[PDB]
């Protein structure tokens, strides 16, 4: 039946991934506390970032059992990075630091999500998809909200739920070209 994750299971699996981020010096420094626009002198910050996130807040969420399942933790991690890549310029120190944190995260999260029964821990598709030649802006919980182009955006890798345990798994990870699931997808664990 439906998998429920208890707080201590999520904390013990995931916290090392967050620690790996905190370990980065200088890179984690701008991410260790909530952005304070007065202190930092950036009064436009909450004009651009509608839903702030930082390492301390994620830590507090883990410590207090605020995540019901681990994709929610992954989403906050990417909300944090996506906010910073939005607010800050590509040539800025804080943007480059953010890209380093994301690299570290990508390398840490997969075996840890695998230990929790998931296919992997990866949020985004690997490449932009080929194209054919206001309010709360919610496409995705990690996408910073909004109130001529380059085709370099990544979409979230789409999910299918296991009908037995209720875990969200990637379509591209668990659905294969030569297998059909007439009665709905069941993950290998639950099989």
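Positions refer to the first chain, counted from 1.
(message) At a threshold of one third of the other compared entries, does residue 135 come out as unmodelled?
(response) Result for residue 135: often missing, at least a third of the compared entries.
(message) Does the chain run continuously from residue 147 to residue 148, or are deposited residues unmodelled in between? Answer none, 1 to 3, 4 to 9, or 10 or more.
(response) In the record, 4 to 9 residues between residue 147 and residue 148 lack coordinates.
(message) Please classify the unmodelled stretch of the deposited sequence between residue 133 and residue 134: none, 1 to 3, 4 to 9, or 10 or more residues.
(response) Gap size class: 10 or more residues without coordinates, per the record.
(message) Quick check on the record: does 66-74 or 124-132 carry the larger mean Cα temperature factor?
(response) Per the deposited B-factors, the answer is 124-132.
(request) Going by the CA temperature factor in the entry, name the top one among 140, 36, 157, 54. (result) In the PDB entry, the greatest C-alpha B-factor among 140, 36, 157, 54 is found at 140.
(request) Determine, from the deposited record, the chain-internal third of the Cα B-factor for residue 152: lowest, middle or highest. (result) CA B-factor rank for residue 152: highest third.
(message) Split into thirds by Cα B-factor across the chain's modelled residues, where does residue 14 land: lowest, middle or highest?
(response) Its C-alpha B-factor belongs to the lowest third of this chain's values.
(request) Using the B-factors in the PDB entry, rank residue 169's C-alpha atom against the chain and give the third, lowest, middle or highest. (result) It falls in the middle third of the chain.
(request) Report the third (lowest, middle or highest) to which the CA temperature factor of residue 180 belongs, ranking only the modelled residues of the same chain. (result) It belongs to the highest third of the chain when residues are ordered by C-alpha B-factor.
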